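Colleague: What follows is a single structure, and I will ask about it in a moment.
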Amino acid sequence: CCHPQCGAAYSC
Amino acid sequence: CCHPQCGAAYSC
Amino acid sequence: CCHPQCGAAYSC
Amino acid sequence: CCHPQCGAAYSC
Amino acid sequence: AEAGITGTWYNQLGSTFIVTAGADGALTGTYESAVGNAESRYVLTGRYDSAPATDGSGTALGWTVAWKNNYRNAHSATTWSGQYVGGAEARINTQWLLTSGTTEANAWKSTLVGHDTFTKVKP
Amino acid sequence: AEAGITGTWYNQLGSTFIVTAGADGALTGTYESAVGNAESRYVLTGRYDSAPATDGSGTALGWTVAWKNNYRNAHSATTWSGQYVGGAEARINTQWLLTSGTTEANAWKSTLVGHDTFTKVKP
Amino acid sequence: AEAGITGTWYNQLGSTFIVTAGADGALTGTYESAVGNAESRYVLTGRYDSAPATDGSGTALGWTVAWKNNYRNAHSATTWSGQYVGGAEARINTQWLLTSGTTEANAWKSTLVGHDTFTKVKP
Amino acid sequence: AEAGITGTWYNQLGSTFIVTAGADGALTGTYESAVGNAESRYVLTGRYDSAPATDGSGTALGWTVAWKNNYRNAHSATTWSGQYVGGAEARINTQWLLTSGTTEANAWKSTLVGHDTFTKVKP
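Chains as they are written, first to last, in our numbering: chain A, 51 to 62; chain B, 51 to 62; chain C, 51 to 62; chain D, 51 to 62; chain E, 124 to 246; chain F, 124 to 246; chain G, 124 to 246; chain H, 124 to 246.
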C-alpha cells in the first residue's frame, strides 16, 4: 500500500 | 422526474 | 424483496 | 493506452 | 483453477450461483434463490482468465444474468465483475451493476451498484 | 428485438464489437480495436432481455470480456451493463467494471469503473 | 486552478452547480434546478487538489449533496467524484453515487451509479 | 441523530476517521491511518440527512477527502456514499469512488470503485 487511503503510513 | 437530482421542481 | 436478485422465489 | 480495452494496439 | 471455480457458490443474501468453468475461459451456469424452485432459476454466461498467475494473485472473471426465464421477466440484467481467490477459504469477491430498461426520461436512474462475496458454504 | 441489437457497434474510444443476439437471450461475438486485427480481438459473451416492454423503454443487456486471446493476456475482465435504445440513431448506453487479478494486499484497488456509449456509425 | 473551478456550471440534465474553490482545497456552493427556485436549492461541500501536477493532468475533486433543504427531504445523498479539465472547452467529468436511506431488507438496492459532464455553457 | 454519527469510526483495513455531525447537516473531520501520525491525516467534509425517516430506514450521507495535506499529495480524491445504521452495533455502510488526476489519454482508467463498512468498535 502506497496510497493514503489504504492507510499508507509509508513512503514509496 | 420525482427526485431533486433530475431537476424535480414539482410535487409528486 | 421483489426482484429475482435479492432472492425472490416468486413474483410479488 | 497499454490495455486492450482503451483500443490498445500492441504489447507493453 | 478451473477445478477451483466449478461448483456451487452462495452469496451473503442466500442466492445460489451454480457454475461450470470451461477449458477455454467460458463460464456457464444458473443463478437461483436459496429455495431452488424452477421459477427463480436464470441462465448465466461469462468469461474468466484461463491462465492466471500462479503466484497468489486472484483469477479475474465476470458474468451476466438477464432477469427473464420461462416464468417471469423483470426487464433488467446484472453483471458481476471480480476475482476468484482459491485456498482453504476460497471466495469470489465481486462488485455488480444492475441496469433496468427505462424510458429516456428515467435513464439517469437506470443503474444500481453493489457488491457480493460468494463462498463454498452457506453464510 | 435481436434484429436491432445484432450488428456492428462503435464506441467513443475507437473500439469495435460485433454481436449476435440469439432468440433465446444470449449475446455472442467479438470485441476489437480500431484496425481490428487478430491480436486485438477478444471473445465476448452476455445476455439480454429478449422480450422487452413495448412502452418505449430500453432493452436491458450486459456482456463480459476476459482480456486473454492467443496473443496476449492482461489478466483482467470487463463487464458492461446497460440498455439498447433503437431508432434513427440507435445506441447502447453502458457503464462498466474492469477487475484485474490482484494479490490480497492490492485487492482494494482492483476495480475500475467507467461508461461507454456505442452507436451503429463510426464516430 | 480555483480561478478555473470557481463559477457556475451546468450538466447534461439542466441542473446548475454553483461553486467556490477555496485556496485551502475546500469546495463550497449550491446545487439547484433550471427554474432556480429556493425550494430546489441544496447545500454542497467538497474538496479538490489545490496543487495539481504540471504534466497536463486534470485536477481531482469531489463533493456531496444531502437532498434535504428547508422545504423538502428526499432522505438521500449524492457524491460526485471526478476531475476538472481546463482550457478552451473547460469541463468537469464525473461519476456519481446516489445512496438512499433504506431498511436492511432493501440495502442491497440502496445505491444508484451514473456520470455527469459539467460545462460552462448550457447544453 | 448527529450524536449517533459523531465519533470515531474504523474500517476493515485499519483506517480511522473522526467526524462531527452538525445540526445543519454538515460533516467535518479527519481521515487518518491506524498509526495516527500527523503525516497521515487528511481533512474530510461531507453532508448527511439531519432529519431521517422513522420507518426503519438508515440515514443517508456522504463525504469527500482530497488526498493532499501539508506533507503529501497523491493528486486524487475519494468520495464515500452510504448510510448510517444505528443500534447495538451501529455501522456505516459505504461504496466509494477514487478518482486520480490524469491526462485525456488515460481518463478512461481514472476512477476506482470499492466499498467500506465502518464500525465504532476497533476491528
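For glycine and all other residues, C-beta sits at the position ideal for the given N, C-alpha and C.
List the residues of chain F that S180/E touches, going by C-beta distances under 8 angstroms, in chain order.
Modeller: Ordered by position in chain F, the residues that pass the 8 angstroms Cβ test against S180/E are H198, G224, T225 and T226.
Colleague: Under a three-way DSSP split, which group does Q218/E fall into?
Modeller: In the structure shown, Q218/E sits in a strand (DSSP, three-state: E or B).
Colleague: Would you check if the distance between the CB atom of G209/H and the CB atom of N216/H is smaller than 9 angstroms?
Modeller: No, the Cβ-Cβ distance between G209/H and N216/H is not below 9 angstroms.
Colleague: For chain C, find out if any of its Cβ atoms is closer than 9 angstroms to the Cβ of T202/E; answer yes or no.
Modeller: Not closer than 9 angstroms to any Cβ of chain C, the Cβ of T202/E fails to qualify, so no.
Colleague: Identify every run of the beta strand (DSSP E) within the stretch 187-240 of chain E, keeping only runs that are complete inside it and at least 3 residues long; order them along the chain.
Modeller: You should have 196-208 and 214-223.
Colleague: Skipping 5 residues on each side, what residues in its chain have a beta carbon closer than 6 angstroms to that of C51/C?
Modeller: Excluding sequence neighbours, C51/C sits near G57 and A58.
Colleague: For the beta strand (DSSP E) containing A58/B, name the first residue and the last one.
Modeller: Segment: none, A58/B is in no beta strand (DSSP E) and carries neither H nor E.
Colleague: So is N134/G buried or exposed if we call it buried at 16+ other beta carbons inside 10 Å?
Modeller: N134/G is buried by the Cβ-count criterion.
Colleague: For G185/E, which three-state DSSP category applies?
Modeller: Three-state DSSP puts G185/E in a strand.
Colleague: Compute the Euclidean distance between the alpha carbons of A176/H and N192/H, then round it to the nearest angstrom.
Modeller: Straight-line Cα distance between these residues: approximately 37 angstroms.
Colleague: Taking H53/A as the reference, which of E162/H, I128/H and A144/H has the closest Cα?
Modeller: The shortest Cα separation from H53/A among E162/H, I128/H and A144/H belongs to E162/H.
Colleague: Taking beta-carbon pairs under 7 angstroms, can you tell me which members of the stretch 230-246 of chain E lie near chain G?
Modeller: So the list reads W231, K232, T234, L235, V236 and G237, given in the order they occur along the chain.
Colleague: Can you have a look at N196/E and say buried or exposed, based on whether 16 or more other CB atoms are within 10 angstroms of its CB?
Modeller: Buried is the call here.
Colleague: Note the first and the last residue of the continuous beta strand (DSSP E) segment covering residue 248/E.
Modeller: The question about residue 248/E has no answer, for chain E in this structure spans 124 to 246.
Colleague: Taking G224/H as the reference, which of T234/G, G179/G, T153/G and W132/G has the closest Cα?
Modeller: When only C-alpha atoms are compared, the closest one is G179/G.
Colleague: Count the other C-beta atoms from every protein chain shown that fall within 10 angstroms of the C-beta of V244/F, then say buried if there are 16 or more, exposed otherwise.
Modeller: Under this definition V244/F is an exposed residue.
Colleague: Alpha carbon to alpha carbon, how far is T234/F from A149/G? Give it in angstroms, no decimals.
Modeller: Each residue's Cα considered, the two are about 28 angstroms apart.
Colleague: Answer with yes or no whether the minimum CB distance from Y133/G to chain B is below 9 angstroms.
Modeller: Output row for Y133/G: interface = no.
Colleague: Could you tell me if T131/G is buried or exposed, where buried requires 16 or more neighbouring beta carbons within 10 angstroms of its beta carbon?
Modeller: By the neighbour-count rule (16 or more Cβ atoms within 10 Å), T131/G is not buried but exposed.
Colleague: Grab the span of the beta strand (DSSP E) containing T139/F for me, first residue to last.
Modeller: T139 to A144 is the extent of the beta strand (DSSP E) around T139/F.
Colleague: Of the choices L136/E, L221/E and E125/E, whose alpha-carbon is the least far from that of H198/E?
Modeller: Comparing Cα positions, the closest option is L221/E.
Colleague: Quick one: does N216/H have its CB under 9 angstroms from some CB of chain G?
Modeller: Output row for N216/H: interface = yes.
Colleague: Which class does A161/E belong to by DSSP, given the choice of helix, strand or coil?
Modeller: Helix.
Colleague: Tell me which residues share the same chain as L167/E and place their Cβ nearer than 6 angstroms to its Cβ, disregarding the 5 neighbours each side in the sequence.
Modeller: Excluding sequence neighbours, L167/E sits near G152, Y154, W186 and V188.
Colleague: Have a look at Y194/E, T202/E and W219/E and flag the residue whose alpha-carbon is nearest the alpha-carbon of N160/E.
Modeller: For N160/E, the nearest C-alpha among the options comes from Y194/E.
Colleague: Can you grab the Cα-Cα spacing for the pair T139/E / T143/F, in whole Å?
Modeller: For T139/E and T143/F, the distance between alpha carbons rounds to 28 angstroms.
Colleague: Is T187/F close to chain E, meaning its C-beta is less than 9 angstroms from at least one C-beta of that chain?
Modeller: Yes - at least one Cβ of chain E is within 9 angstroms of the one on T187/F.
Colleague: Interface residues of chain G around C62/B at Cβ under 9 angstroms?
Modeller: Result: empty, since nearest Cβ-Cβ is about 10 angstroms, beyond 9 angstroms.
Colleague: Does the CB of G169/F have a neighbour CB from chain D at under 9 angstroms?
Modeller: No, no contact with chain D.
Colleague: Could you check where the beta strand (DSSP E) with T177/F kicks off and where it finishes?
Modeller: Unbroken run through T177/F: none, as it is neither H nor E.
Colleague: Relative to chain C, which residues along the stretch 149-174 of chain E have a C-beta separation below 7 angstroms, given in chain order?
Modeller: Correct list: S156, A157, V158, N160, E162, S163 and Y165.
Colleague: In whole angstroms, what separates the C-alpha of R214/E from that of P246/E?
Modeller: Spanning the two alpha carbons is a distance of roughly 12 angstroms.
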